[PDB]
Structure formats: C-alpha cells, structure tokens
Ligand SMILES: [Zn+2]
Ligand SMILES: [Zn+2]
C-alpha cells in the first residue's frame with residue numbers, strides 16, 4: 001500500500017546480475033540485450049550483423065543453432081518463395 005519503488009539498474013538478461021567493476025557489462029547482437037561476460041560467452045552467426053559469428057548470449061547462441069520449427073510471427077511469406085527446398 002505504501003510501497004512500489006524498485007531499483008532496477010543495468011543488470012544481466014540471463015542471471016539478473018548487476019554489472020560492476022568485477023562484473024563487466026556485455027551486449028548481444030541477435031536479441032540485442034545486456035548480458036554479463038559469464039552469460040555472454042558464446043558466438044553465433046547473427047542475421048543482423050550480416051550473418052557474422054558475433055558474441056551472443058547463451059540463449060541466442062542456442063536459438064541460432066537450434067533452428068526453431070514454428071511460424072509464430074508477423075505476416076509470413078508463402079512456403080514457396082524461391083525455386084528450392086524452401087520450407088514452410
Ligand atoms: Zn549473466
Ligand atoms: Zn542474445
């Protein structure tokens with residue numbers, strides 16, 4: 001009732017760790033979020049940096065290597081785009 005002011009500062013988007021002299025702050029390329037050297041210790045081709053193996057966060061590093069198999073997103077193109085194995 002008489003409270004509601006949290007002090008959320010620059011933290012990690014993986015462990016929620018606060019960036020300090022000891023814990024430096026890192027940035028992702030794929031998701032584009034803030035991570036700690038600990039979490040941001042992976043590299044994977046990012047379709048944003050021209051498909052270059054940039055330092056990405058664990059998640060992304062896995063998401064880019066997992067290759068989702070769904071179509072949950074804004075208007076999607078027709079399974080058949082260009083003459084090829086183009087999947088749905
Ligand atoms: Zn972290
Ligand atoms: Zn990321």
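One-based numbering along the chain as shown.
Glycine is no exception: its Cβ is also placed from the backbone N, Cα and C atoms.
With a 10 A radius on its CB, residue 36 (Zn(2+) 1 binding site) counts 22 other CB atoms from all the protein chains. What Swiss-Prot records for 12, 15, 36, 39 is Zn(2+) 1 binding site.
The feature Zn(2+) 2 binding site is assigned by Swiss-Prot to 28, 31, 57, 60. In the three-state DSSP reading, residue 60 (Zn(2+) 2 binding site) counts as helix.
The cloning artifact annotation in the PDB entry covers 1-7 (among others).
Per the PDB entry, the feature cloning artifact maps to 83-88 (among others).
The phosphoserine annotation in Swiss-Prot covers 76. Secondary structure at residue 76 (phosphoserine), as computed by DSSP, is coil.
Swiss-Prot lists 8-65 with the feature zinc finger.
Counting only the Cα atoms, the space from residue 60 (Zn(2+) 2 binding site) to residue 12 (Zn(2+) 1 binding site) is about 14 angstrom. Only 36, 39, from the recorded positions 15, 36, 39, 76, place their Cα within 10 Å of the Cα belonging to residue 57 (Zn(2+) 2 binding site). In the three-state DSSP scheme, residue 36 (Zn(2+) 1 binding site) falls into the strand class.
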